[PDB]
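Student: The file below is structure_21.txt, compact mmCIF, C-alpha atoms and all ligand atoms:
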# COMPACT_ATOMS: atom_id res chain seq x y z
CA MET E 1 107.15 14.86 141.55
CA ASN E 2 107.74 18.41 140.33
CA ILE E 3 105.67 21.05 138.46
CA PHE E 4 106.59 19.56 135.06
CA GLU E 5 105.48 16.04 135.86
CA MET E 6 102.42 17.41 137.61
CA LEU E 7 101.25 19.47 134.61
CA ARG E 8 102.15 16.61 132.22
CA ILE E 9 99.62 14.48 134.12
CA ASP E 10 96.97 17.23 134.11
CA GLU E 11 97.23 18.24 130.46
CA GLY E 12 98.39 15.05 128.64
CA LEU E 13 100.44 15.25 125.46
CA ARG E 14 99.07 15.55 121.91
CA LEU E 15 101.06 15.98 118.81
CA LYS E 16 98.18 17.14 116.64
CA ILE E 17 96.07 20.23 116.99
CA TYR E 18 93.19 19.40 119.26
CA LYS E 19 90.36 21.10 121.02
CA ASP E 20 90.66 21.73 124.74
CA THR E 21 87.85 21.28 127.30
CA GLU E 22 86.50 24.74 126.45
CA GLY E 23 86.70 23.91 122.70
CA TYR E 24 89.85 25.95 121.86
CA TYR E 25 92.57 24.98 119.52
CA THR E 26 95.52 23.51 121.48
CA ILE E 27 98.61 21.48 120.82
CA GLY E 28 101.35 19.68 122.83
CA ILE E 29 101.15 19.92 126.62
CA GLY E 30 98.18 22.22 127.03
CA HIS E 31 99.62 24.96 124.83
CA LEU E 32 96.57 27.14 123.88
CA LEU E 33 96.92 28.26 120.29
CA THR E 34 93.92 30.51 119.70
CA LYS E 35 90.45 31.13 120.95
CA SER E 36 89.44 31.62 117.37
CA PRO E 37 87.14 29.08 115.71
CA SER E 38 89.36 28.95 112.72
CA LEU E 39 91.49 25.86 112.25
CA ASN E 40 93.52 28.03 109.97
CA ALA E 41 93.81 30.81 112.35
CA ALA E 42 95.21 27.95 114.61
CA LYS E 43 97.62 26.45 112.07
CA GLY E 44 99.08 29.85 111.52
CA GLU E 45 99.63 30.55 115.25
CA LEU E 46 101.18 27.11 115.37
CA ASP E 47 103.66 27.86 112.61
CA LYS E 48 104.54 31.19 114.18
CA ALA E 49 105.16 29.44 117.53
CA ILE E 50 107.42 26.67 116.03
CA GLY E 51 109.15 28.74 113.34
CA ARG E 52 108.29 26.26 110.57
CA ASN E 53 105.46 25.08 108.35
CA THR E 54 103.93 22.42 110.48
CA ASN E 55 100.71 21.58 108.81
CA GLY E 56 99.20 21.09 112.27
CA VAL E 57 101.67 18.47 113.51
CA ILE E 58 104.73 18.81 115.78
CA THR E 59 107.29 16.38 117.29
CA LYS E 60 107.73 15.49 120.98
CA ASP E 61 110.75 17.83 121.26
CA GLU E 62 108.75 20.76 119.86
CA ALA E 63 105.99 20.01 122.35
CA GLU E 64 108.48 19.95 125.16
CA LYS E 65 110.00 23.19 124.09
CA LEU E 66 106.65 24.94 124.12
CA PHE E 67 105.98 23.38 127.46
CA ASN E 68 109.30 24.74 128.95
CA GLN E 69 108.43 28.25 127.68
CA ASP E 70 104.96 28.06 129.14
CA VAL E 71 105.95 27.01 132.69
CA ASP E 72 108.61 29.69 132.68
CA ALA E 73 106.12 32.35 131.59
CA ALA E 74 103.68 31.10 134.22
CA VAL E 75 106.23 31.52 137.01
CA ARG E 76 107.41 34.92 135.70
CA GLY E 77 103.80 36.15 135.44
CA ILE E 78 103.09 35.19 139.06
CA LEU E 79 106.29 37.01 140.14
CA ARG E 80 105.28 40.18 138.21
CA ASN E 81 101.81 40.11 139.55
CA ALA E 82 101.02 42.27 142.60
CA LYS E 83 98.25 40.05 143.79
CA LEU E 84 99.92 36.78 143.11
CA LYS E 85 103.47 37.38 144.17
CA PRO E 86 102.82 37.68 147.87
CA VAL E 87 100.78 34.53 147.87
CA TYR E 88 103.46 32.56 146.15
CA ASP E 89 106.21 33.93 148.40
CA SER E 90 104.22 32.86 151.39
CA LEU E 91 103.89 29.25 150.29
CA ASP E 92 105.92 26.10 150.70
CA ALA E 93 107.36 24.33 147.60
CA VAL E 94 104.51 21.86 146.99
CA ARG E 95 101.81 24.50 147.27
CA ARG E 96 103.74 26.86 144.98
CA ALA E 97 103.44 24.04 142.35
CA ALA E 98 99.64 24.13 142.84
CA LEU E 99 99.47 27.86 142.27
CA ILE E 100 101.59 27.58 139.17
CA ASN E 101 99.23 24.87 137.86
CA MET E 102 96.19 27.14 138.23
CA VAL E 103 98.03 29.96 136.44
CA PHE E 104 99.15 27.72 133.55
CA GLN E 105 95.46 26.65 133.05
CA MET E 106 93.63 29.79 133.58
CA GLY E 107 96.04 32.65 133.14
CA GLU E 108 97.18 35.19 135.68
CA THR E 109 94.10 37.28 135.29
CA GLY E 110 91.80 34.36 136.06
CA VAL E 111 93.65 33.22 139.20
CA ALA E 112 93.99 36.80 140.45
CA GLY E 113 90.17 36.72 140.46
CA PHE E 114 90.12 34.14 143.32
CA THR E 115 90.69 37.00 145.76
CA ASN E 116 89.08 35.33 148.74
CA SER E 117 90.78 31.96 148.36
CA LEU E 118 94.20 33.66 147.83
CA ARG E 119 93.71 35.47 151.13
CA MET E 120 92.97 32.20 152.84
CA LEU E 121 95.99 30.49 151.33
CA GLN E 122 98.14 33.39 152.49
CA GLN E 123 96.84 32.98 156.02
CA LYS E 124 97.48 29.26 155.79
CA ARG E 125 93.84 28.41 156.46
CA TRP E 126 94.03 25.23 154.31
CA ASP E 127 90.68 23.61 154.90
CA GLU E 128 88.85 26.90 154.41
CA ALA E 129 90.76 27.71 151.24
CA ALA E 130 89.92 24.24 149.81
CA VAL E 131 86.19 24.82 150.43
CA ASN E 132 86.21 28.32 148.86
CA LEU E 133 88.25 27.14 145.82
CA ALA E 134 85.46 24.63 145.06
CA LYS E 135 82.85 27.41 144.60
CA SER E 136 83.94 28.26 141.19
CA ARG E 137 83.18 27.64 137.57
CA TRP E 138 86.69 26.03 137.41
CA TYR E 139 85.79 23.28 139.81
CA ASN E 140 82.40 22.69 138.15
CA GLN E 141 83.87 22.48 134.67
CA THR E 142 86.97 20.37 135.38
CA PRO E 143 86.18 18.70 138.68
CA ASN E 144 88.85 15.93 138.56
CA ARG E 145 91.75 18.23 137.76
CA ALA E 146 90.39 20.84 140.27
CA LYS E 147 90.17 18.21 143.08
CA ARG E 148 93.83 17.22 142.50
CA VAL E 149 95.01 20.87 142.70
CA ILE E 150 92.76 21.57 145.66
CA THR E 151 94.01 18.51 147.55
CA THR E 152 97.55 19.68 146.89
CA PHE E 153 96.66 23.02 148.50
CA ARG E 154 94.90 21.40 151.49
CA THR E 155 97.68 18.86 152.20
CA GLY E 156 100.92 20.25 150.99
CA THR E 157 101.80 16.74 149.66
CA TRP E 158 101.70 15.14 146.21
CA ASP E 159 99.31 12.49 147.23
CA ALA E 160 96.60 13.31 144.60
CA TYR E 161 99.11 12.71 141.94
CA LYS E 162 100.38 9.47 143.36
CL CL H 201 104.57 31.00 121.70
CL CL H 202 88.70 17.23 134.99
Go ahead and express the file in the form of structure tokens.
Ligand SMILES: [Cl-]
Ligand SMILES: [Cl-]
Tutor:
Amino acid sequence: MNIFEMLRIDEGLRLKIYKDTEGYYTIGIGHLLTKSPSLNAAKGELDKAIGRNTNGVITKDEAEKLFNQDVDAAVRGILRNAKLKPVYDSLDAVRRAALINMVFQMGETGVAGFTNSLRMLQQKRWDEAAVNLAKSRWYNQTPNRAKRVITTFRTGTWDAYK
């Protein structure tokens, strides 16, 4: 298991514009297109992203390409972030995958807002971090995906994904 297979399980794959759990226009492997209600505002962002007239549909390859860009940006954002970087650097390889997953889903800004849990992760207080992570809108809104990520942080294994 690696970050790519992990996120591919969490986000699924869809070749047609779809609405995410929050109701935003998405495509591929969890690639947010726009928070705008407009399906046209979304088709346009889509064309801009792919560099062709897609008419709301892309191929597997195109989805994978977006996905490679997104994981890369996720990692690079963590590394450029003063609050996130030190957490990441402190962690083992499995747990770094968990942090990257949260960033991919909620953006750097969002994750940086889990100040208390980040401090616990940094101190390697696993059980306490898992409890604090659960007190969040994130866990209440997407409990199954949250539990997987949280178990990954508590255990440092890929069991939740096995
Ligand atoms: Cl893009
Ligand atoms: Cl869920």
Student: Find the spatial neighbours of residue 100 of chain E, counting all atoms listed in the file, within a cut-off of 9 Å - ignore same-chain residues fewer than 2 positions away - and output them as a ChimeraX atom specification.
Tutor: /E:3,71,74-75,78,88,95-98,102-105
Student: Using all atoms listed in the file, find the one residue out of E:26, E:140, E:36, E:81 that sits nearest to residue 63 of chain E.
Tutor: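 Once distances to residue 63 of chain E are computed over all atoms listed in the file, the minimum belongs to E:26.
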Student: Using 8 Å as the limit and counting all atoms listed in the file, can you tabulate each residue of chain E that touches ligand CL 202 (chain H), with its shortest atom-to-atom distance in Å and the two atoms involved, as a tab-separated table?
Tutor:
residue	atom	partner	partner_atom	distance
E:141	CA	H:CL202	CL	7.1
E:142	CA	H:CL202	CL	3.6
E:143	CA	H:CL202	CL	4.7
E:144	CA	H:CL202	CL	3.8
E:145	CA	H:CL202	CL	4.2
E:146	CA	H:CL202	CL	6.6
Student: Of the candidates E:162, E:107, E:148, E:91, which shows the shortest atom-to-atom distance to residue 121 of chain E, using only C-alpha atoms?
Tutor: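 Closest residue, counting only C-alpha atoms: E:91.
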Student: Could you please extract the residues within 12 Å of ligand CL 201 (chain H), counting only C-alpha atoms and all ligand atoms, and hand them back as a compact mmCIF listing (two decimals) with C-alpha atoms, keeping the file's coordinate frame?
Tutor:
# COMPACT_ATOMS: atom_id res chain seq x y z
CA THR E 26 95.52 23.51 121.48
CA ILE E 27 98.61 21.48 120.82
CA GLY E 28 101.35 19.68 122.83
CA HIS E 31 99.62 24.96 124.83
CA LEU E 32 96.57 27.14 123.88
CA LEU E 33 96.92 28.26 120.29
CA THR E 34 93.92 30.51 119.70
CA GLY E 44 99.08 29.85 111.52
CA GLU E 45 99.63 30.55 115.25
CA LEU E 46 101.18 27.11 115.37
CA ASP E 47 103.66 27.86 112.61
CA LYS E 48 104.54 31.19 114.18
CA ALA E 49 105.16 29.44 117.53
CA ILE E 50 107.42 26.67 116.03
CA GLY E 51 109.15 28.74 113.34
CA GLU E 62 108.75 20.76 119.86
CA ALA E 63 105.99 20.01 122.35
CA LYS E 65 110.00 23.19 124.09
CA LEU E 66 106.65 24.94 124.12
CA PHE E 67 105.98 23.38 127.46
CA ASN E 68 109.30 24.74 128.95
CA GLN E 69 108.43 28.25 127.68
CA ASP E 70 104.96 28.06 129.14
CA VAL E 71 105.95 27.01 132.69
CA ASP E 72 108.61 29.69 132.68
CA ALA E 73 106.12 32.35 131.59
Student: What gap, in Å, lies between atom CA of residue 90 of chain E and atom CA of residue 138 of chain E?
Tutor: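 Interatomic distance, atom CA of residue 90 of chain E to atom CA of residue 138 of chain E: 23.4 Å.
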Student: Go through E:60, E:132, E:122, E:15 and flag the residue nearest residue 86 of chain E, using all atoms listed in the file for the distances.
Tutor: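 Looking only at the distances to residue 86 of chain E, the closest residue turns out to be E:122.
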Student: State, in Å with one decimal place, the distance from atom CA of residue 12 of chain E to atom CA of residue 158 of chain E.
Tutor: 17.9 Å
Student: Please, which residues are within 9 Å of (97.3, 17.4, 134.8) by the file's coordinates, counting only C-alpha atoms, and could they come as a PyMOL selection string?
Tutor: chain E and resi 5-12+101+145+148-149+161
Student: Find the distance between atom CA of residue 119 of chain E and atom CA of residue 150 of chain E and write it in Å to one decimal.
Tutor: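 Interatomic distance here is 15.0 Å.
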Student: Using all atoms listed in the file, which of the listed residues (E:106, E:22, E:82, E:16) sits closest to residue 56 of chain E?
Tutor: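 Of E:106, E:22, E:82, E:16, the one nearest residue 56 of chain E is E:16, counting all atoms listed in the file.
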Student: Go through E:23, E:156, E:77, E:30 one by one, measure the shortest atom-to-atom distance of each to residue 93 of chain E using all atoms listed in the file, and give the residue with the smallest value.
Tutor: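 Between E:23, E:156, E:77, E:30, the residue approaching residue 93 of chain E most closely is E:156.
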Student: Counting all atoms listed in the file, figure out which residue out of E:110, E:25, E:147, E:38 gets nearest to residue 160 of chain E.
Tutor: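 Closest to residue 160 of chain E, using all atoms listed in the file: E:147.
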